[PDB]
There are 2 protein chains.
Amino acid sequence: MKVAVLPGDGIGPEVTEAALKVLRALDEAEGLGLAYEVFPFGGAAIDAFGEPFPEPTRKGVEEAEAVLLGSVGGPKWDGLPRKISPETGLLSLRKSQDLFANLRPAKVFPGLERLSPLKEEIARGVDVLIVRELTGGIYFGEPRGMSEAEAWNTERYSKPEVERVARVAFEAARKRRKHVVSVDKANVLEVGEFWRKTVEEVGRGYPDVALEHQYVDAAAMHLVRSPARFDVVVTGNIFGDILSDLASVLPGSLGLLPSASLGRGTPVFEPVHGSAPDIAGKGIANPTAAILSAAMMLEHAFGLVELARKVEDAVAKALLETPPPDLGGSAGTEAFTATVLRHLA
Amino acid sequence: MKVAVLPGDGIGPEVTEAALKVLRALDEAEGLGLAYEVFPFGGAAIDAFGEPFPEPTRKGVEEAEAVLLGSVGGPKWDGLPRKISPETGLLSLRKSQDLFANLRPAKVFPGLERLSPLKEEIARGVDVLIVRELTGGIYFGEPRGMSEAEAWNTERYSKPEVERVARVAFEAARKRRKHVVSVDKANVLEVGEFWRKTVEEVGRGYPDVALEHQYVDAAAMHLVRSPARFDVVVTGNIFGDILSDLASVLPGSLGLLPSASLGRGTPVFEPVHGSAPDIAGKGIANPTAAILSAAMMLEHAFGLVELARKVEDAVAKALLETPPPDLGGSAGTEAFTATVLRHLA
């Protein structure tokens, strides 16, 4: 179990160690053979090395089995040419490992239904994993242009693009509740038709997973009316962007959300929140998203599903008994982490 | 005030007269000079004439100033070649009048916050009008195709297309709270950039209306977290499809929703619900969407904003004191209508 740790900026060093504290505790209890090294990345690497993703770090993620990544960026580096912005270092990283699926889960932890914008009865039991295609579709499609008179962009998908990301959805589903909803616009668009027939054909190799197709306008409505009905959702790039963002508001606190990216190379697991530099070093940063990034790593990078679930329960419980300040509580980074470990035992 | 009335199918005859009863009452009180005629349309016209939009009806909407339309279709006609399906008659109608904007309002009536999927505090005061471009964008754009290997569709907009639908949003806003949010994907797409700069330029002729730009992924999130913040939203075809459908679940009852379509020709105002043929002639159909279609006609077809608002309040009140069966009540079509008229006085 070889993990490259890229702490990043702002609160990154704090919350990433909070996750390492949890990974070490499991390493000890279960003998996971955890071996990790920490590399420079983001703003700190610019300051130290002159660039956000220096060669030792690139080398280090190349050799690792998973990357645990803290937060990156901050006003400190907003004034840079974007060949060396923190943002661009993030892109090279995911590009260097050819990560073509983005995994974004939204989950209303029991007893935290009050945070939801949804009525308590609808928020309860929500646990949806959106699988977003990352590399293709309209964000990248040609031809594209703009005129005095008109502009155009092309939503375009090749079979292989549709095939990869569908395979990761089915394998993810295998680890959860084995239901996949593929989302398209097959009733109006060729691309929708092509996506659907392709995912239907891919699904034949996964007899143990249930497959269902929905239109993007309908899935949008289901995510507000009955979001507890979903397990894994897979869709193209722009749809998956909208539906990820829509699903992310359901729990009522963005600081709680982890994120993974999978592909041919070394997978990247990171919290969705930012650096929050203002509080860097105060010891109050909520480590929840980082710890749940580590659980995502166990599940998706190493297949240790039962441990990922053990970690997720420890934080569900910790969130109730020692809520961090941004859930109205007074638990600093360390006190919260300690509560998690208590339940890990 | 010359209205062509196209009752349609199923519950269409019932709910459309419930709206006419309300229009007559106002005609009497205010001397509006209401003159209307009822034309065959939809399944009934197929049965009577052999087609859904026969020539007397086409003639009749041509000469009118607004079309008040009931529901169309039903299993009775599901087995038809779609050159004469009810659905297609609907298309010819909107095509024959060149209606290029779809207006879909979502509104949580005071005291009906309990129906919302949203927490009561978030649902309260929601009143958003989505203005959807109807004729353009990816649903219609070329080139488009599909291969063994790939499929493609083109999101394409000309300046004039962006200009019309923006003008109707600004004029709609003028009648409401004078805030327009244009929704694009300007941070990734040319088409987003082009839409945005065009709407910004159109907005200069409407100094009295406030304009704000949002991305589609963000507007999606705002519609769940803070939907009471919106007044008028204008966006392209596929986005407006998603955001219309998303906004439509906010009130918690689809049977309540009206719809208008505006263009160069005679405007069409219709309930969003279907024929519900099973209950046709029982006298229990909820006329709310039809009556609120008539209020939409007053506002958008004739500019009678204060009357539209008077009608909307009468039904807000009627919904509380004599709820129709589908709001848990026992009010049939006539009893509900009567309650509306009581408050119209």
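Backbone N, Cα and C define each Cβ position, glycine as well.
Annotation comment: Swiss-Prot describes A:74-87, A:274-286 as NAD(+) binding site. Taken from Swiss-Prot, the feature substrate binding site applies to A:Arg94, A:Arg104, A:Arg132, A:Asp217, supported by similarity to another entry. Summarising the annotation, Swiss-Prot assigns Mg(2+) binding site to A:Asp217, A:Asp241, A:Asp245. According to Swiss-Prot, the site 'Important for catalysis' annotation covers A:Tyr139, A:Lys185, on the basis of similarity to another entry.
For chain B, the nearby binding-site residues by a Cβ gap under 8 A, listed in sequence order, are A:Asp241, A:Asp245, drawn from A:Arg94, A:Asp241, A:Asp245. In sequence order, A:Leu129, A:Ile130, A:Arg132, A:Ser244, A:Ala247, A:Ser248, A:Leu257, A:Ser259, A:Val272 make up the list of same-chain residues 6 or more apart from A:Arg104 (substrate binding site) whose Cβ falls under 8 Å from its Cβ. Across the structure, A:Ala276 (NAD(+) binding site) and A:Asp245 (Mg(2+) binding site) are spaced 20 Å apart at their Cα atoms. Each of the binding-site residues A:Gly74, A:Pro86 was ranked by the number of other C-beta atoms within 10 Å, and first place falls to A:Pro86. DSSP gives A:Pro86 (NAD(+) binding site) a helix state.
Among the recorded positions A:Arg82, A:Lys185, A:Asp245, the residue whose Cα lies closest in space to that of A:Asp217 (substrate binding site) is A:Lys185.
Neighbour counts were taken as the number of other C-beta atoms within 10 angstroms of each residue's C-beta; across the binding-site residues A:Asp78, A:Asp241, the minimum falls on A:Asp78. Taking the C-alpha atom of A:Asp245 (Mg(2+) binding site) as reference, the shortest distance to any of the recorded positions A:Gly74, A:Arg82, A:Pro86, A:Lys185, A:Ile284 belongs to A:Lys185. Cα separation, A:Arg82 (NAD(+) binding site) to A:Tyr139 (site 'Important for catalysis'), rounded: 19 Å. Of all Cα pairs drawn from A:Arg94, A:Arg104, A:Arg132, A:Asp217, which the record names as binding substrate, the longest spans 30 Å.
Neighbour counts of Cβ atoms within 10 Å were compared across the recorded positions A:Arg82, A:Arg94, A:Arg132, A:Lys185; the minimum falls on A:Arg82. Geometry remark: A:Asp78 (NAD(+) binding site) versus A:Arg94 (substrate binding site), CA distance 21 Å. A:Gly74 (NAD(+) binding site) falls within neither a helix nor a strand when secondary structure is assigned with DSSP, and so counts as coil. When the Cα atoms are compared, A:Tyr139 (site 'Important for catalysis') and A:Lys185 (site 'Important for catalysis') turn out to be 17 Å apart.
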